[PDB]
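Descriptive structure summary
Chain residues, written in single-letter form:
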Amino acid sequence: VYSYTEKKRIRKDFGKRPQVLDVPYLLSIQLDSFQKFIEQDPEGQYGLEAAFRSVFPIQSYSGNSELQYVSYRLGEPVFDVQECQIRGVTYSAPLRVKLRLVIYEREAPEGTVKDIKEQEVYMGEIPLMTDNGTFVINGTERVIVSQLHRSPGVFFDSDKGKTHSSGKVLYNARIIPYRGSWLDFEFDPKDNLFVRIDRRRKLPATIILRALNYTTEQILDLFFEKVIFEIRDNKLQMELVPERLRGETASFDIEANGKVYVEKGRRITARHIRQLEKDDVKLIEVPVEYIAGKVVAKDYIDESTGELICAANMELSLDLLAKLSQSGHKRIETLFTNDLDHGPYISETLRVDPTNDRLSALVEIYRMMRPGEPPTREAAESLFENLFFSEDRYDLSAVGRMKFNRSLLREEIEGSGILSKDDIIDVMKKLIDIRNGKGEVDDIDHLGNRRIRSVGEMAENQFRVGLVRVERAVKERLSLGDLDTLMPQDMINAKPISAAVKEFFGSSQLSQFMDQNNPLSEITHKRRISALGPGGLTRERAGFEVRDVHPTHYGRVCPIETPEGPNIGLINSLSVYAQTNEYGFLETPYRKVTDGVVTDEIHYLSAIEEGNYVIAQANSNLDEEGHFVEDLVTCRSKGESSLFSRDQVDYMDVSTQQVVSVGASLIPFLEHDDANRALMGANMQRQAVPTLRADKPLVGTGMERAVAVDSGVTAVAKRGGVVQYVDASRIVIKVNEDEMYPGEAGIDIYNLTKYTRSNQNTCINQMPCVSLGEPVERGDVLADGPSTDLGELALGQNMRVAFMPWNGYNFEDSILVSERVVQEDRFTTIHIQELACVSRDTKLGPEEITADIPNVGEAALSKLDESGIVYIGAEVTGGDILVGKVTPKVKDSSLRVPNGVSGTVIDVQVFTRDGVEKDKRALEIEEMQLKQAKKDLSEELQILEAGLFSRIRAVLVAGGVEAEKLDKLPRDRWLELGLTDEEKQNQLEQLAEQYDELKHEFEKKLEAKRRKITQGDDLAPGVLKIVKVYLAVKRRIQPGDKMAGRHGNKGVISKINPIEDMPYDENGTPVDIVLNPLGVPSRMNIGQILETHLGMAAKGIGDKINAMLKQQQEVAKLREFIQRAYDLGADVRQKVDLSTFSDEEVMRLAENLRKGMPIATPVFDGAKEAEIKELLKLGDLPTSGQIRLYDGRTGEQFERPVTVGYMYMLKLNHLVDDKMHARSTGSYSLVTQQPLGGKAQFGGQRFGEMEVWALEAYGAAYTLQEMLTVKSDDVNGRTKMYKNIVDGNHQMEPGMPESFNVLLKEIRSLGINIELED
Amino acid sequence: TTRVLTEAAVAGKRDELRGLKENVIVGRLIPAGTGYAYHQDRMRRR
Amino acid sequence: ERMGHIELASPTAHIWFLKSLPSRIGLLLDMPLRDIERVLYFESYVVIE
Amino acid sequence: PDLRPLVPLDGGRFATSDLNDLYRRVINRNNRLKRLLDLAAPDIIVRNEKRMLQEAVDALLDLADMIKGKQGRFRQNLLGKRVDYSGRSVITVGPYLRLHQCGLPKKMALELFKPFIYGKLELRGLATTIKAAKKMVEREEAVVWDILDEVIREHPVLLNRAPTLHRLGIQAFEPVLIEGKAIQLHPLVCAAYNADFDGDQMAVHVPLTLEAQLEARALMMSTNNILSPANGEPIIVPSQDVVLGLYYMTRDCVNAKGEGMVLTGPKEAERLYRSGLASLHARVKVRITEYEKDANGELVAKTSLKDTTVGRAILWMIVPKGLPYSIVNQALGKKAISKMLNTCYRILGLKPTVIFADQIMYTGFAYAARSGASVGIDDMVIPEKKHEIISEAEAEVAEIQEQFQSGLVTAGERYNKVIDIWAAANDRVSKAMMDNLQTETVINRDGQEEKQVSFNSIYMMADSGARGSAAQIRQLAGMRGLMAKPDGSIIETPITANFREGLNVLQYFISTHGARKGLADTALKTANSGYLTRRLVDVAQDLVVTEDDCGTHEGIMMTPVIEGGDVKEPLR
DNA sequence: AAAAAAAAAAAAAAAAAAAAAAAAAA
DNA sequence: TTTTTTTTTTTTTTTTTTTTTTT
Ligand SMILES: [Mg+2]
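What comes next concerns the included structure. (Residues numbered from 1 in each chain as written, not as in the entry; some residues may be left out. Chains lettered and ligands numbered in written order. Part of a larger assembly, values for the part shown. Heavy atoms only, no water.)

A count of helical and extended segments in chain B gives 3 helices and 0 strands. The secondary structure elements of chain B, listed N-terminal to C-terminal, are α-α-α. Sorting the 46 residues of chain B into buried and exposed places 33% on the buried side. Total accessible area computed for chain B in this model is approximately 3,000 Å², and 53% of it derives from carbon and sulfur atoms. In chain B, 10 positive and 5 negative side-chain charges are present, and the distance between their average locations comes to 5 Å. (Helix = DSSP H or I, 4+ residues; strand = E, 2+ residues; numbered from the N terminus. Buried < 20%, exposed > 50% of the residue type's maximum accessible area, 1.4 Å probe, protein only. Areas by Shrake-Rupley, 256 points an atom, 1.4 Å probe, with all protein chains shown as cover. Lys, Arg positive; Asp, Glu negative; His and termini not counted. Charge placed at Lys NZ, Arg CZ, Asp CG, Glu CD.)

Written as structure tokens, this is what we have:
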């Protein structure tokens, strides 16, 4: 069973793989993140309260005055979303913080405060998230793109390759905070370990280690194990353990108990270790020479002298052995050195160390941080301490600690934000371990090392910055703290917080201006992950490893949608099911698998947890139980794939689509076409343009429903009901009584958005899609947004296409289009341009908005009203006047239409600074809006009263029913009728109180709306009034506009021929569009051909339905035919009968399918070759899919039958008339007298460096001189050339380039003397 | 710009204007193609 | 076309010759650039005659 | 001050360059220093003042950015200068054009030559004040169009693309006013521009002076550039659609209508084909006359019976006199047509070659249209051995895997063995698919049966060299082979599927691995190649041919190149 | 209230070149 | 003990637009 709204046109499907998890709310990312950003949640936990508790309470040092927090609230906005859109204000809400301030007395800190105060302090406003998941900033609609920034924690890298060109792989470790100074360590060819902070000057590492109050002896003992030589009367006998003997060549005989165990020169084999173990031989003898090469660990002193016998970290010898022997110290300690297991890294760094004591270390760090000043003891101490151990300038969040502990093999995941000596020590240990072989560098491209910041986190960061700024100011003013003469409204300044948050939301490399020329453009622009932005990399610093897809991108990032060119892979888009983990990592769904049963539950796995498990690929055959029918199944385990046994896999892919995104899952038959053109098409589909009639794409992928409903363009219902009143403007729904609350009953109203400017100047509009008086299901489409129909994403249009090279007009990729296409008004798009005129005040008088304008043809003034403004509907053409603005002197400075644009004014907004005179047409629009609001509120109240009194009638059906007395009097009094002692009388009294309350609310809300309208919409300072005219131009398709399919088969529309000369089949139908066959093989996308075949089949069934419906073939024939069509062969998830469909429903279905049957095709589980031929067989069309075509001109057959079907083709937002731009002679630039560039300015093209080279590559000299002297630069030259041209002479006068003289003057401005010679 | 201009200033190097890039800067005929003939005239004057 | 000028009360050392690497004044006087920079930045003294 | 203008923004504010701010700072600091010296301040305060003044002069001087940077005067305003009399638009194809001319939207024509139309109207006397001509052009008076046809009569314009790499990036063309808004382009010349019609935008410039007009017609005319400067290969090589039409026009089938007759000449061959009584190709004897200039530049006529094909005989009417006949007795693939144009250029000069190229484009497109060379899904057959070859490969890899499990071989040896056998099986599938395609046709000869070169659509479009090649067809029918994991480490589980069949999820993931690196390559490789070309032209700017001969005897030895095998590049 | 720098994000990768430090003498 | 050579290290180049701090 399906929603009747879907029963309107139920989409045929071919997906066999039974789904297990429905596509989630596609916008979960932004919506959930901003929900996290604002809600009353105690104990912080990633919310505003977290920031407040981080920075509050606030107290001055020993000031007896602390400033504590209570709670926060976000009151209502000042407008509603549409009102903000039209006016321009930010769709923001306040921040009422209950702030509590108390002051102590002198020497009573623990004692109770002498004073207490609390108030609802106000602190600026912040934007909120529209329902669709956007933000309105300055009247535009902006969405913030989630960033994929390098995750905090510890990460190790190799830095191999061209490092010294020696082949010596380096190693380095980085500790990255979520906020704070970085920490870096690296090795070198000398194998001396180093450290550096914020990529400043290199330093040894021991020096920083010693800065933690660590003695060199302590450092060596901590880093290295002990080797103990004991003086037993001679030879310094050794306590040898076998474990430290692997891979060693003994140059001296190793023996004990008088028995030789390793002969001189024989290397220690595993058998020798076994001997020393089983025999339990530990004490051994060594010669003096063997101790020469070792190194002392600690420092020793003599009994009498008490002086340094030997410093730590220095090689020994016989003389030194005697020097330490006279003292008689039995314990001789050394550190085990082995180039293959433990090298002398820390020892070498100690040798490189400059000094000894902690003070000199701190001095060195202080100088390094801020070079060129005197180091100081206390200042350096504080600097070092708070640089890493203070929340002031350091913090690792929970996820930072999670990564840190999971990369050091710790146990606890929760710890302190600041670091500690043990942490850096363990980092050193891990770095040396990986240097010695154990442990591996962490590939950064692995997703687990990267994380998705959403809007919530960025807004939290900027709010934190604002809060710390205001806190600093608060402390500064509390330093002047006075005796309760104030309430806490002067410590808190509004400017910092609002300034920071607004600066972020308005200017931000990530908070991009929204792309709105589609449903899909939004749905895939808010699910975009930008590697750029603050905290991430930049385009320049991106090698071909970050861009490349990592094999763990499976299930978490789409590999087939990224912008092409300057940034490939930096803007990877989110997957379909992929969501964000609590810690921010990218989790993806899977199906839990028991011994042999694929449990239908769902299990989300992170980027790292996946590797531990082995996961089975989506399309593995299972039969009614989940038991794989093959013992060996293709599965991926750890960044790789291979065949694995049936009883080895504990996880299975949920749906075959979880590799791709919404921006590419819609490409039908994607599995057939190459990755390249698939990516290009996926990018293209986001560039569609909403046409004049959405047309239900024939070959869809069943995701149209989700994108259309969740994109927000379609006014999806909220509570099921009956469509009482329908209209292009509003739709009224009578909610079912069971679905409606008992009190506050009312009804539902949707005000469909009409033609308004979209952010790319395309038209966004809605149309009713439900007939008057029809049921509607809760959460169903009611109005089809642009590029949608019946709640399905229809960007372009299905069109009859034929693949054949037709007379060379399809040379490279160009597309030939029959005149029939433009005649039927198929691609005709609506563009809407916004033009603004501002009326300011300046010296010599203000700028009036009158009509009286000197020296203008009266026909110009005809199109204006008496005020001097154009009417709603006067077709304007390039050059005419919209609004009459005059600069006092008086001179005409009226706004004019941009040159070269048609139009038909659809609306004119007029905002006026508060407290200024409203002009005639401004008063008229004021009255228009006033009347509209009055009508809306009045009809709301009237229909509500009608419903309430119908409820009263239903109540009065019993308990004093009086038919004659019911209609005797009007609806003025319906409570005076007789009733017994029943609760109905009380309910009638309740309904009368409700009626009075409704009257009062309608009156007061109408008053509020009238006040809103009356107060002239305030403007930026300095401006009097602004007027915006919308011109609604209509653009057909002309030879040079771009159109293309979904598989990236681009093409600019070439000569559109008359319908007569197009190829026509035997039946006579012309084929609308004649592509180029030669684009199939080289551009490896065979998907489009299968799509065309399926399109021909779909329209074959559509033609059959239309034929059997044109003829009266009641129910039976069409019922059986449709049922046959919907089953059609192998296993399908549809399994749709038609008995449930009443004959009315069946005929509605037939009517909506007469234009074709919408066929679905899940991306990789789609329709095979066998089923397409079967569908064609159900029709009356050739099985091969090729039909002979007759040439339009000659009228004879084409040999070798050609392919014709219905392919869905878009129109892309590159219209020729937007590009075609020329010039002859116009305004030049001021600083240099050169022609302007661009299109907005009436400019000219660029004769660039490359063009100059190409010119001089020929012998062409005069042309180059003309290009760069007389046509571009020479101010006097070009005027003379113009005058000569008008006189029929083509004479050139050289002169001199003006910009050349400008450069001469500029360089003379420096200390340079340049002149010209003879 | 820095190094070249510094060297030119210190050396006081007069510019001959013989190649093709400098002449484009000056805005006169390039001594490469047709303009070569014109140059063949002008060098003949001196 | 017309330019202007500022009469500077104190002479100013042109900066292009100061950090050209190799500085013109640098090897012209045969002294390291660090000492020249320190002297010009009023944090040292030099000997004249 | 003019070079540091105080531009007020759109309202009551001023937003000009930092130069004014730096000058204000310098003058303020100097005035403060003078005032303090008048006050005789302590040496410390005046020292700070002098240091601040030095900093201010440093900030004002380092102007450098105006002279430095990609947006400096030398690079943004002196070398690469925006120019009037310019325009741009999306390009589009047109066959009816001749190589020595390119289309032009009417609006851009009337907009670019506006000075020229005003002058022509003034001289013509139809108007006296230039404002009258202005109002005339604005009114779009029908007189203006005749003036436009007069000025455009023969007045070349430059059509330049965006990435001007080689000198061919700018070519002259005679405009031909056409309705619409797209710069119609000759198809052949497109190959030189590296311009495909997926929305690329080309700019139009207008030479003004008689020097420049003669300069454009004599050098930059598309006729004068049919041989590239890089090498002697023709650059007007017909590209993709013309070539397919020609190749389909001259290709023998075993039997068809008109097979086995005698024709008196090409004319009645055309008459027979167009009438439908004779197939477009059928091996047949005809009479052809060929002209040869073996004598001292004198044409000699020779005629006799030639065995040829009907479409081939029809094509023969387009070759000029001088060329031989055997040149068109082959299948006429892309390379054949290229060397055929080269022979025409070498033996007959230039003008015959231009006329011949225009005619070959016309007669290629027309018969491509007549061919209806479409591509349906049944035009690429999956060889039956694909399944069997794959199954044998699976058996072999499993055997080697268990051999490694027993410890007979190492992991590296097993990997190499598996990769090698997968490559061998891929080659086997390739050979099977090529054998299936190329000689698919098995038809009667008017007898029992016979095989011939296949007429399968994809094979025709791959063999002619129009688009794709053996490598590209291979993954349309047979297995894609073995794609590379992020670092070239070819996976030991190659893509056993092919595009005609379905691709499972993981194989598509691997293909994405293969293709994203290629796209990113393209991007950054182009970025670097731009700078390589920049240096290359910068270091060879001065060299201009100046002397006929230096009269020097020294030189370099020239020999064929052999690296250790066959000759890579012959001495010729 | 007026005047002034960039310490206040940022690092990649590679190369050219200058300054400092370390051999290896006689 | 000084001096020349070489090596190493530091710094400066190579394809969208200015507030905060001090006097
Ligand atoms: Mg292109």
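There is more to say, and it comes next.
Before going further, it helps to examine the protein's contact with DNA strand E. In the neighbourhood of DNA strand E, 13 residues make up the surrounding shell, with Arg199 and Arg541 of chain A together with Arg25, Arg29 and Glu55 of chain D lying closest. Put simply, 55% of the atoms of DNA strand E that lie within 4 Å of the protein are in sugar or phosphate. Between DNA strand E and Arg199 of chain A, the relevant distance is 2.7 Å, taken from a phosphate oxygen to a side-chain nitrogen or oxygen of the residue. In this structure, a sugar or linking oxygen belonging to DNA strand E sits 2.8 Å away from a side-chain N or O atom of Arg29 of chain D. Those elements that place two or more of their residues in the surface near DNA strand E are α1 (18–39) and α2 (43–61) of chain D. (Near = heavy atom within 4 Å. Polar contact = N/O pair within 3.5 Å; in protein donor to acceptor, adjacent residues only side chain to side chain.)

Before going further, it helps to spend a moment on the coordination of the magnesium ion. Residue and element names in this part refer to chain D. The coordination sphere of the magnesium ion contains the protein donors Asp196 (OD), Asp198 (OD), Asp200 (OD) and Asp200 (OD), at a distance range of 2.4 to 2.8 Å. Counting gaps between the donor residues of the magnesium ion yields the pattern D-x1-D-x1-D. For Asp196, a relative accessible area of 30% corresponds to the partly exposed category. Its relative accessible area of 14% is what places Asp200 among the buried residues. (Donors = N, O, S within 2.8 Å, 3.2 Å for Na, K, Ca; no water.)

Further remarks concern helix α33 (residues 1249–1257) of chain A. By the criterion of burial, α33 of chain A is predominantly enclosed, with 7 of the 9 residues buried. Turning to α33 of chain A, its buried residues are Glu1249, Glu1251, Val1252, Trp1253, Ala1254, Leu1255 and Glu1256 of chain A.

On to the interface of chain A and chain C. Across the boundary between the two partners, chain A contributes 5 residues, which contact 5 residues of chain C. The contact between chain A and chain C buries some 400 Å² in all, and 78% of this surface belongs to carbon and sulfur atoms. Connecting chain A to chain C are 0 salt bridges. Summed over the shared surface of chain A and chain C, the number is 1 residue pair in polar contact. Per-class residue counts for the side of chain A that touches chain C are 1 nonpolar, 2 polar and 2 charged. (Contact = heavy atoms within 4.5 Å. Buried area = accessible area lost by both parts, 1.4 Å probe. Salt bridge = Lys/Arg side-chain N within 4 Å of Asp/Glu carboxyl O. Nonpolar A, V, L, I, M, F, W, Y, C, P; charged D, E, K, R; others polar.)

A few words on the protein's contact with DNA strand F. Neighbouring DNA strand F are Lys190 and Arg469 of chain A, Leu21 of chain C together with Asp18, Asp21 and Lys70 of chain D. Restricting attention to atoms of DNA strand F within 4 Å of the protein, one finds that 88% of them are sugar or phosphate atoms. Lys190 of chain A is positioned such that a nitrogen or oxygen atom in its side chain is 2.8 Å from a phosphate oxygen of DNA strand F. Within the side chain of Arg469 of chain A, an N or O atom sits 3.4 Å from a phosphate oxygen of DNA strand F. Here the residues of the surface near DNA strand F are counted per class, giving 1 nonpolar, no polar and 5 charged.

Looking now at the pattern of salt bridges. Pairs can form between side chains of opposite charge whenever their charged atoms are close. Enumeration according to the criterion identifies 90 salt bridges over all chains in this entry. For the salt bridge of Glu333 of chain A with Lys226 of chain A, the shortest nitrogen-to-oxygen distance reads 3.5 Å. Of the two residues, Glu333 of chain A sits in strand β21 (residues 331–335) while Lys226 of chain A sits in strand β14 (residues 226–230), which places them 107 residues apart along the sequence. Owing to a relative accessible area of 29%, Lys226 of chain A belongs among the partly exposed residues under this scheme. With a closest N to O distance of 2.5 Å, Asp41 of chain B and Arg42 of chain B form a salt bridge. Overall, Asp41 of chain B belongs to the partly exposed group, its relative accessible area being 22%. Each of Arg9, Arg11, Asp789 and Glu792 of chain A takes part in salt bridges that share partners, so that together they form one network.

Formed by 130 residues in total, the largest nonpolar core has its most connected members in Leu670, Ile1086, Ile1101, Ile1105 and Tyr1126 of chain A together with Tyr508 of chain D. For this core, the element with the most residues is helix α28 (residues 1087–1110) of chain A, which contributes 9 residues. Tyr1126 of chain A has contacts with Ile10, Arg11, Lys12, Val1136, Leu1149, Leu1153 and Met1157 of chain A, leaving out every residue within four places of it along the chain. Listed in part, the 79 residues of the second largest apolar core include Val1052 and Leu1255 of chain A together with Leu121 and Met136 of chain D. (Core = buried A, V, L, I, M, F, W, Y, C linked by side-chain atoms within 4.5 Å.)

So, about the pairing of strand β23 (residues 450–453) of chain A. Residues and elements named next belong to chain A. Side chains of β23 alternate between two faces, with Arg450 and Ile452 and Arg451 and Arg453 buried alike. Where strand β7 (residues 146–150) and β23 come together, 4 bridges link them in antiparallel fashion. Residue pairing across strands places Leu148 opposite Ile452, the latter belonging to β23. (Pairing = 2+ DSSP bridges.)

To continue, consider the interface of chain D and chain A. With 133 residues of chain D at the contact, the number on the chain A side is 143 residues. Area buried by chain D at its contact with chain A is led by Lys81, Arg82 and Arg516 of chain D, which between them contribute 7% of it. At the surface where chain D touches chain A, the tally comes to 10 salt bridges. Note that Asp378 of chain D and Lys1173 of chain A form a salt bridge whose closest N and O atoms lie 4.0 Å from each other. Taken together, chain D and chain A are joined by 49 residue pairs in polar contact. At 18 residues, helix α20 (residues 505–539) of chain D tops the list of elements feeding residues into the side of chain D that touches chain A.

A few words on the side chain of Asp188 of chain A. All names here are of chain A. Residue position: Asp188 is located in the loop between β11 (183–186) and β12 (194–196). A polar contact of 2.4 Å, which involves the side chain of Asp188, links it to the backbone nitrogen of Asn192. Apart from residues lying up to four places away in sequence, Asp188 is in contact with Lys168, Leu170 and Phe194.

Moving on: the packing of α28 of chain A against helix α29 (residues 1116–1127) of chain A. For any two helices packed against each other, the geometry is given by the interaxial angle and the distance between the axes. All names here are of chain A. Where α28 contacts α29, the axes come no closer than 11 Å and their chain directions differ by 170°. By the angle between their axes, α28 is roughly antiparallel relative to α29. Facing α28, whose interface residues are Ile1101, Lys1104, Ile1105 and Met1108, α29 presents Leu1118, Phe1121, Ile1122 and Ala1125. Across the contact of α28 with α29, the residue classes break down as 7 nonpolar, no polar and 1 charged. (Axes fitted to C-alpha atoms, helices over the stretch in contact; angles between N-to-C directions. Parallel < 35°, antiparallel > 145°, perpendicular 65-115°, else oblique.)

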